[PDB]
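Engineer: Sending over query.csv (CSV, C-alpha atoms).
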```csv
chain,number,residue,atom,x,y,z
A,198,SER,CA,154.8,80.4,108.0
A,199,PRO,CA,152.8,81.4,111.1
A,200,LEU,CA,154.4,83.1,114.1
A,201,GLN,CA,157.5,81.0,114.6
A,202,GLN,CA,159.4,79.7,117.6
A,203,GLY,CA,161.4,82.9,118.0
A,204,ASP,CA,159.3,84.8,120.4
A,205,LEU,CA,157.9,81.5,121.7
A,206,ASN,CA,161.1,80.0,123.0
A,207,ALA,CA,162.3,83.5,123.9
A,208,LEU,CA,159.5,83.9,126.4
A,209,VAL,CA,159.7,80.2,127.3
A,210,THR,CA,163.3,80.2,128.3
A,211,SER,CA,162.7,83.6,130.0
A,212,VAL,CA,159.9,82.2,132.2
A,213,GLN,CA,161.6,78.9,132.8
A,214,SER,CA,165.0,80.3,133.9
A,215,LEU,CA,163.2,83.0,135.9
A,216,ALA,CA,161.0,80.3,137.5
A,217,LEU,CA,164.1,78.4,138.6
A,218,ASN,CA,165.3,81.9,139.6
A,219,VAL,CA,162.1,82.4,141.7
A,220,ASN,CA,163.0,79.1,143.3
A,221,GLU,CA,166.4,80.4,144.2
A,222,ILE,CA,164.7,83.6,145.5
A,223,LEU,CA,162.4,81.6,147.8
A,224,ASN,CA,165.5,79.6,149.0
A,225,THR,CA,167.2,82.9,149.9
A,226,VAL,CA,164.0,84.0,151.6
A,227,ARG,CA,164.0,80.6,153.4
A,228,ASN,CA,167.5,81.7,154.7
A,229,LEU,CA,165.7,84.9,155.7
A,230,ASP,CA,163.0,83.0,157.4
A,231,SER,CA,165.5,81.0,159.4
A,232,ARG,CA,167.4,84.1,160.4
A,233,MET,CA,164.2,85.9,161.5
A,234,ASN,CA,163.2,82.8,163.5
A,235,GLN,CA,166.6,83.2,165.2
A,236,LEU,CA,166.1,87.0,165.9
A,237,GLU,CA,162.6,86.4,167.0
A,238,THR,CA,163.7,83.7,169.5
A,239,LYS,CA,166.2,86.3,170.9
A,240,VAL,CA,163.5,88.9,171.1
A,241,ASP,CA,161.1,86.5,172.8
A,242,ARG,CA,163.9,85.9,175.3
A,243,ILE,CA,164.4,89.6,176.0
A,244,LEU,CA,160.6,90.1,176.3
A,245,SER,CA,160.6,87.4,178.9
B,199,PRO,CA,149.2,83.7,107.7
B,200,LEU,CA,148.3,84.9,111.2
B,201,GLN,CA,148.1,88.5,112.2
B,202,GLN,CA,149.1,88.3,115.8
B,203,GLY,CA,151.4,91.3,116.2
B,204,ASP,CA,150.2,91.6,119.8
B,205,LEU,CA,152.7,89.1,121.2
B,206,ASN,CA,155.4,91.7,121.8
B,207,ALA,CA,153.3,92.9,124.8
B,208,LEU,CA,153.5,89.5,126.4
B,209,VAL,CA,157.2,89.2,125.5
B,210,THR,CA,158.2,92.4,127.2
B,211,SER,CA,155.8,91.3,130.0
B,212,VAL,CA,157.9,88.2,130.6
B,213,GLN,CA,161.0,90.4,130.5
B,214,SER,CA,159.4,92.6,133.2
B,215,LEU,CA,158.8,89.3,135.0
B,216,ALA,CA,162.6,88.6,134.8
B,217,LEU,CA,162.9,92.1,136.4
B,218,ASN,CA,160.3,91.0,139.0
B,219,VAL,CA,162.4,88.0,140.0
B,220,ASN,CA,165.5,90.2,140.3
B,221,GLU,CA,163.3,92.6,142.3
B,222,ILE,CA,162.3,90.0,144.8
B,223,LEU,CA,166.0,89.2,144.9
B,224,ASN,CA,166.5,92.9,145.9
B,225,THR,CA,163.7,92.3,148.4
B,226,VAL,CA,165.3,89.4,150.2
B,227,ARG,CA,168.6,91.2,150.0
B,228,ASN,CA,167.4,94.3,151.7
B,229,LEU,CA,165.5,92.2,154.3
B,230,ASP,CA,168.7,90.2,155.0
B,231,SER,CA,170.6,93.5,155.3
B,232,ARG,CA,168.2,95.0,157.8
B,233,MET,CA,168.3,91.6,159.5
B,234,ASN,CA,172.1,91.8,159.9
B,235,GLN,CA,171.6,95.2,161.4
B,236,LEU,CA,169.1,94.0,163.9
B,237,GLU,CA,171.3,90.9,164.7
B,238,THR,CA,174.2,93.2,165.5
B,239,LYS,CA,171.6,95.0,167.7
B,240,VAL,CA,170.6,91.8,169.5
B,241,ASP,CA,174.2,90.8,169.9
B,242,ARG,CA,174.8,94.2,171.6
B,243,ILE,CA,171.7,93.4,173.8
B,244,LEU,CA,173.0,90.0,174.8
B,245,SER,CA,176.4,91.5,175.6
C,198,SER,CA,151.0,70.2,109.0
C,199,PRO,CA,152.4,72.3,111.8
C,200,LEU,CA,150.3,73.0,114.9
C,201,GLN,CA,148.6,76.3,115.5
C,202,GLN,CA,148.6,79.1,118.1
C,203,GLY,CA,146.1,77.4,120.5
C,204,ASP,CA,149.4,76.7,122.3
C,205,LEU,CA,149.9,80.5,122.2
C,206,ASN,CA,146.5,81.6,123.5
C,207,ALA,CA,145.8,79.1,126.2
C,208,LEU,CA,149.3,79.2,127.5
C,209,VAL,CA,149.1,83.0,127.4
C,210,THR,CA,146.1,83.1,129.6
C,211,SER,CA,147.8,80.5,132.0
C,212,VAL,CA,151.1,82.4,132.3
C,213,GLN,CA,149.3,85.7,132.7
C,214,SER,CA,147.1,84.3,135.5
C,215,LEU,CA,150.3,83.1,137.2
C,216,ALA,CA,152.3,86.3,136.5
C,217,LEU,CA,149.6,88.5,138.0
C,218,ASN,CA,149.9,86.3,141.2
C,219,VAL,CA,153.7,86.9,141.0
C,220,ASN,CA,153.0,90.6,140.8
C,221,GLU,CA,150.5,90.5,143.7
C,222,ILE,CA,153.1,88.8,145.8
C,223,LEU,CA,155.5,91.6,144.7
C,224,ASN,CA,153.0,94.2,145.9
C,225,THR,CA,152.6,92.6,149.3
C,226,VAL,CA,156.4,92.0,149.5
C,227,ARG,CA,157.1,95.6,148.8
C,228,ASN,CA,154.7,96.3,151.7
C,229,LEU,CA,156.6,93.8,153.7
C,230,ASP,CA,159.9,95.5,152.8
C,231,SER,CA,158.5,98.7,154.1
C,232,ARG,CA,157.2,96.9,157.2
C,233,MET,CA,160.6,95.2,157.8
C,234,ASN,CA,162.3,98.6,157.5
C,235,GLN,CA,159.9,99.9,160.1
C,236,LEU,CA,160.8,97.0,162.3
C,237,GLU,CA,164.5,97.9,161.8
C,238,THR,CA,163.7,101.5,162.8
C,239,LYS,CA,161.9,100.4,166.0
C,240,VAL,CA,164.7,98.0,166.9
C,241,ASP,CA,167.2,100.9,166.4
C,242,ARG,CA,165.0,102.9,168.7
C,243,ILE,CA,165.0,100.3,171.4
C,244,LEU,CA,168.8,100.0,171.0
C,245,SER,CA,169.0,103.8,171.6
C,246,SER,CA,167.0,103.0,174.7
C,247,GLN,CA,169.5,100.5,175.8
C,248,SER,CA,172.0,103.4,175.5
C,249,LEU,CA,170.0,105.0,178.3
C,250,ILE,CA,170.4,101.6,179.9
C,251,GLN,CA,174.1,102.0,179.6
C,252,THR,CA,173.9,105.4,181.2
C,253,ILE,CA,171.8,103.8,184.1
C,254,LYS,CA,174.3,101.0,184.6
C,255,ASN,CA,177.1,103.7,184.9
C,256,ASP,CA,174.8,105.4,187.4
C,257,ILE,CA,174.6,102.1,189.3
C,258,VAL,CA,178.3,101.6,189.4
C,259,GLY,CA,178.6,105.2,190.8
C,260,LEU,CA,175.9,104.2,193.3
C,261,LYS,CA,177.8,101.2,194.5
C,262,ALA,CA,180.9,103.3,194.8
C,263,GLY,CA,178.9,105.8,196.9
C,264,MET,CA,177.3,103.0,199.0
C,265,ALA,CA,180.8,101.5,199.8
C,266,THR,CA,182.0,105.0,200.8
C,267,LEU,CA,179.1,105.6,203.1
C,268,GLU,CA,179.2,102.1,204.6
C,269,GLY,CA,183.0,102.4,205.3
C,270,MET,CA,182.4,103.6,208.8
C,271,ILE,CA,178.7,103.0,209.7
```
Show how you would write the structure in this file as structure tokens.

Structural biologist:
Amino acid sequence: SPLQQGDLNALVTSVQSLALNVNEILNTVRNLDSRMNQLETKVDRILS
Amino acid sequence: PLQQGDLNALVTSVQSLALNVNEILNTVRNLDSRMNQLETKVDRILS
Amino acid sequence: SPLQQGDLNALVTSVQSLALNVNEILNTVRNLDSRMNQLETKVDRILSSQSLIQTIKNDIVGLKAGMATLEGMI
């Protein structure tokens, strides 16, 4: 048989779970974005 | 059959990709940590 | 008959084009980590400056004490 589904589904599950993981990453960075909007509003206040 | 022994490179590459996702996790974590630092700073300022 | 590794090769070039973009974002986000650390450094600097601000507010409370003393008579 040719190259079988071993490495195939190995890399496939890898990239799929880690793509949903990248999604969770960008959600955490969205939390980061919100908190940096907060801090930047405070710094705009103090600069005013 | 096929002679495509060169797939191990791409396999370890997608593993390093897993490490890359965990590394952007470390990224957002360190940014959140320095953010907590500066938010304590701005709390001090507002006080 | 089972399919062949056209699935392998085309999907390889696709996932590799996307993974290099992931790694490019990783490069720029390490740069952004360094820049955010520098922002944290500068913010700590300005907070050390607001420590001189604390010293000056203590100077002002001393100054109001002195002004009350001098004003006491005339």

Engineer: Could you check how far atom CA of residue 200 of chain A sits from atom CA of residue 203 of chain B, in Å to one decimal?

Structural biologist: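 Between atom CA of residue 200 of chain A and atom CA of residue 203 of chain B the gap is 9.0 Å.
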
Engineer: So how many Å separate atom CA of residue 198 of chain C and atom CA of residue 204 of chain B, to one decimal?

Structural biologist: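 Distance reported for this atom pair: 24.0 Å.
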
Engineer: What does the structure give for the distance between atom CA of residue 221 of chain B and atom CA of residue 212 of chain A, in Å to one decimal?

Structural biologist: 14.9 Å

Engineer: Can you work out which one of A:203, A:237, A:226, A:242 has the shortest atom-to-atom distance to chain B, counting all atoms listed in the file?

Structural biologist: A:226

Engineer: Considering all atoms listed in the file, tabulate each residue of chain A that lies at most 8 Å from chain B along with its nearest interatomic pair and the corresponding distance in Å to one decimal; arrange the rows by chain and ascending residue number and present them as CSV.

Structural biologist:
```
residue,atom,partner,partner_atom,distance
A:198,CA,B:199,CA,6.5
A:199,CA,B:199,CA,5.5
A:200,CA,B:200,CA,7.0
A:204,CA,B:209,CA,7.1
A:207,CA,B:209,CA,7.8
A:208,CA,B:209,CA,5.8
A:211,CA,B:212,CA,6.7
A:212,CA,B:212,CA,6.5
A:215,CA,B:216,CA,5.7
A:218,CA,B:219,CA,6.8
A:219,CA,B:219,CA,5.9
A:222,CA,B:223,CA,5.8
A:225,CA,B:226,CA,6.8
A:226,CA,B:226,CA,5.7
A:229,CA,B:230,CA,6.1
A:232,CA,B:233,CA,7.6
A:233,CA,B:233,CA,7.3
A:236,CA,B:237,CA,6.6
A:239,CA,B:240,CA,7.2
A:240,CA,B:240,CA,7.8
```

Engineer: Sort by chain and increasing residue number a table of all residues of chain C within 10 Å of chain A, each with its closest pair of atoms and their distance in Å to one decimal, counting only C-alpha atoms, and write it as JSON lines.

Structural biologist:
```
{"residue": "C:199", "atom": "CA", "partner": "A:199", "partner_atom": "CA", "distance": 9.1}
{"residue": "C:200", "atom": "CA", "partner": "A:199", "partner_atom": "CA", "distance": 9.6}
{"residue": "C:201", "atom": "CA", "partner": "A:199", "partner_atom": "CA", "distance": 7.9}
{"residue": "C:202", "atom": "CA", "partner": "A:200", "partner_atom": "CA", "distance": 8.1}
{"residue": "C:204", "atom": "CA", "partner": "A:205", "partner_atom": "CA", "distance": 9.8}
{"residue": "C:205", "atom": "CA", "partner": "A:205", "partner_atom": "CA", "distance": 8.1}
{"residue": "C:212", "atom": "CA", "partner": "A:212", "partner_atom": "CA", "distance": 8.8}
{"residue": "C:216", "atom": "CA", "partner": "A:212", "partner_atom": "CA", "distance": 9.6}
{"residue": "C:219", "atom": "CA", "partner": "A:219", "partner_atom": "CA", "distance": 9.6}
```

Engineer: With a cut-off of 8 Å and counting only C-alpha atoms, select all residues of chain C in contact with chain B and give the selection as JSON, numbers by chain.

Structural biologist: {"C": [209, 216, 220, 223, 226, 227, 230, 233, 234, 237, 240, 241, 244, 247]}

Engineer: Complete segment 218-252 of chain C with N, CA and C atoms (output as a PDB file, in the coordinates of the input).

Structural biologist:
```pdb
ATOM      1  N   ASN C 218     149.702  86.770 139.781  1.00  0.00           N
ATOM      2  CA  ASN C 218     149.900  86.300 141.200  1.00  0.00           C
ATOM      3  C   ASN C 218     151.341  86.658 141.615  1.00  0.00           C
ATOM      4  N   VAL C 219     152.324  86.472 140.732  1.00  0.00           N
ATOM      5  CA  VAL C 219     153.700  86.900 141.000  1.00  0.00           C
ATOM      6  C   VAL C 219     153.706  88.387 141.393  1.00  0.00           C
ATOM      7  N   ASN C 220     153.002  89.202 140.607  1.00  0.00           N
ATOM      8  CA  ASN C 220     153.000  90.600 140.800  1.00  0.00           C
ATOM      9  C   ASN C 220     152.223  91.015 142.088  1.00  0.00           C
ATOM     10  N   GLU C 221     151.181  90.249 142.410  1.00  0.00           N
ATOM     11  CA  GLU C 221     150.500  90.500 143.700  1.00  0.00           C
ATOM     12  C   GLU C 221     151.388  90.186 144.856  1.00  0.00           C
ATOM     13  N   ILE C 222     152.142  89.088 144.791  1.00  0.00           N
ATOM     14  CA  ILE C 222     153.100  88.800 145.800  1.00  0.00           C
ATOM     15  C   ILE C 222     154.198  89.884 145.858  1.00  0.00           C
ATOM     16  N   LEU C 223     154.520  90.458 144.696  1.00  0.00           N
ATOM     17  CA  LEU C 223     155.500  91.600 144.700  1.00  0.00           C
ATOM     18  C   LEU C 223     154.950  92.781 145.389  1.00  0.00           C
ATOM     19  N   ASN C 224     153.683  93.114 145.146  1.00  0.00           N
ATOM     20  CA  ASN C 224     153.000  94.200 145.900  1.00  0.00           C
ATOM     21  C   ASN C 224     153.106  93.966 147.373  1.00  0.00           C
ATOM     22  N   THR C 225     152.638  92.800 147.823  1.00  0.00           N
ATOM     23  CA  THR C 225     152.600  92.600 149.300  1.00  0.00           C
ATOM     24  C   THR C 225     154.007  92.455 149.835  1.00  0.00           C
ATOM     25  N   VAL C 226     155.002  92.128 149.005  1.00  0.00           N
ATOM     26  CA  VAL C 226     156.400  92.000 149.500  1.00  0.00           C
ATOM     27  C   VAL C 226     157.077  93.321 149.536  1.00  0.00           C
ATOM     28  N   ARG C 227     156.674  94.259 148.675  1.00  0.00           N
ATOM     29  CA  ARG C 227     157.100  95.600 148.800  1.00  0.00           C
ATOM     30  C   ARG C 227     156.523  96.238 150.117  1.00  0.00           C
ATOM     31  N   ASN C 228     155.239  95.965 150.368  1.00  0.00           N
ATOM     32  CA  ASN C 228     154.700  96.300 151.700  1.00  0.00           C
ATOM     33  C   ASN C 228     155.422  95.695 152.804  1.00  0.00           C
ATOM     34  N   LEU C 229     155.862  94.450 152.619  1.00  0.00           N
ATOM     35  CA  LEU C 229     156.600  93.800 153.700  1.00  0.00           C
ATOM     36  C   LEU C 229     158.012  94.298 153.814  1.00  0.00           C
ATOM     37  N   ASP C 230     158.606  94.769 152.716  1.00  0.00           N
ATOM     38  CA  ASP C 230     159.900  95.500 152.800  1.00  0.00           C
ATOM     39  C   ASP C 230     159.735  96.742 153.616  1.00  0.00           C
ATOM     40  N   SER C 231     158.693  97.528 153.340  1.00  0.00           N
ATOM     41  CA  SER C 231     158.500  98.700 154.100  1.00  0.00           C
ATOM     42  C   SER C 231     158.232  98.391 155.599  1.00  0.00           C
ATOM     43  N   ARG C 232     157.468  97.329 155.869  1.00  0.00           N
ATOM     44  CA  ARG C 232     157.200  96.900 157.200  1.00  0.00           C
ATOM     45  C   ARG C 232     158.476  96.443 157.948  1.00  0.00           C
ATOM     46  N   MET C 233     159.316  95.677 157.251  1.00  0.00           N
ATOM     47  CA  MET C 233     160.600  95.200 157.800  1.00  0.00           C
ATOM     48  C   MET C 233     161.508  96.404 158.093  1.00  0.00           C
ATOM     49  N   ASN C 234     161.527  97.389 157.193  1.00  0.00           N
ATOM     50  CA  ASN C 234     162.300  98.600 157.500  1.00  0.00           C
ATOM     51  C   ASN C 234     161.765  99.314 158.700  1.00  0.00           C
ATOM     52  N   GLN C 235     160.443  99.344 158.880  1.00  0.00           N
ATOM     53  CA  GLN C 235     159.900  99.900 160.100  1.00  0.00           C
ATOM     54  C   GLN C 235     160.292  99.157 161.332  1.00  0.00           C
ATOM     55  N   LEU C 236     160.335  97.828 161.223  1.00  0.00           N
ATOM     56  CA  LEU C 236     160.800  97.000 162.300  1.00  0.00           C
ATOM     57  C   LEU C 236     162.247  97.307 162.670  1.00  0.00           C
ATOM     58  N   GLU C 237     163.075  97.461 161.639  1.00  0.00           N
ATOM     59  CA  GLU C 237     164.500  97.900 161.800  1.00  0.00           C
ATOM     60  C   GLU C 237     164.556  99.217 162.526  1.00  0.00           C
ATOM     61  N   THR C 238     163.694 100.158 162.134  1.00  0.00           N
ATOM     62  CA  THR C 238     163.700 101.500 162.800  1.00  0.00           C
ATOM     63  C   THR C 238     163.327 101.347 164.260  1.00  0.00           C
ATOM     64  N   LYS C 239     162.286 100.580 164.584  1.00  0.00           N
ATOM     65  CA  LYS C 239     161.900 100.400 166.000  1.00  0.00           C
ATOM     66  C   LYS C 239     162.958  99.701 166.787  1.00  0.00           C
ATOM     67  N   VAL C 240     163.652  98.745 166.168  1.00  0.00           N
ATOM     68  CA  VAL C 240     164.700  98.000 166.900  1.00  0.00           C
ATOM     69  C   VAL C 240     165.881  99.000 167.143  1.00  0.00           C
ATOM     70  N   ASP C 241     166.197  99.869 166.185  1.00  0.00           N
ATOM     71  CA  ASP C 241     167.200 100.900 166.400  1.00  0.00           C
ATOM     72  C   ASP C 241     166.783 101.818 167.550  1.00  0.00           C
ATOM     73  N   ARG C 242     165.482 102.103 167.615  1.00  0.00           N
ATOM     74  CA  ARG C 242     165.000 102.900 168.700  1.00  0.00           C
ATOM     75  C   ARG C 242     165.180 102.243 170.056  1.00  0.00           C
ATOM     76  N   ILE C 243     164.873 100.950 170.154  1.00  0.00           N
ATOM     77  CA  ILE C 243     165.000 100.300 171.400  1.00  0.00           C
ATOM     78  C   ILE C 243     166.502 100.103 171.780  1.00  0.00           C
ATOM     79  N   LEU C 244     167.370 100.040 170.766  1.00  0.00           N
ATOM     80  CA  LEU C 244     168.800 100.000 171.000  1.00  0.00           C
ATOM     81  C   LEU C 244     169.304 101.361 171.525  1.00  0.00           C
ATOM     82  N   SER C 245     168.701 102.446 171.036  1.00  0.00           N
ATOM     83  CA  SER C 245     169.000 103.800 171.600  1.00  0.00           C
ATOM     84  C   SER C 245     168.500 103.850 173.038  1.00  0.00           C
ATOM     85  N   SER C 246     167.413 103.143 173.348  1.00  0.00           N
ATOM     86  CA  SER C 246     167.000 103.000 174.700  1.00  0.00           C
ATOM     87  C   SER C 246     167.923 102.249 175.603  1.00  0.00           C
ATOM     88  N   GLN C 247     168.504 101.175 175.067  1.00  0.00           N
ATOM     89  CA  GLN C 247     169.500 100.500 175.800  1.00  0.00           C
ATOM     90  C   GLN C 247     170.818 101.278 175.954  1.00  0.00           C
ATOM     91  N   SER C 248     170.939 102.396 175.241  1.00  0.00           N
ATOM     92  CA  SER C 248     172.000 103.400 175.500  1.00  0.00           C
ATOM     93  C   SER C 248     171.684 104.143 176.826  1.00  0.00           C
ATOM     94  N   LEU C 249     170.426 104.544 177.035  1.00  0.00           N
ATOM     95  CA  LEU C 249     170.000 105.000 178.300  1.00  0.00           C
ATOM     96  C   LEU C 249     170.215 103.944 179.401  1.00  0.00           C
ATOM     97  N   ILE C 250     170.043 102.681 179.013  1.00  0.00           N
ATOM     98  CA  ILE C 250     170.400 101.600 179.900  1.00  0.00           C
ATOM     99  C   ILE C 250     171.851 101.549 180.238  1.00  0.00           C
ATOM    100  N   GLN C 251     172.701 101.862 179.261  1.00  0.00           N
ATOM    101  CA  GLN C 251     174.100 102.000 179.600  1.00  0.00           C
ATOM    102  C   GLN C 251     174.386 103.117 180.533  1.00  0.00           C
ATOM    103  N   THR C 252     173.739 104.257 180.303  1.00  0.00           N
ATOM    104  CA  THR C 252     173.900 105.400 181.200  1.00  0.00           C
ATOM    105  C   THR C 252     173.432 104.985 182.631  1.00  0.00           C
TER     106      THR C 252
END
```
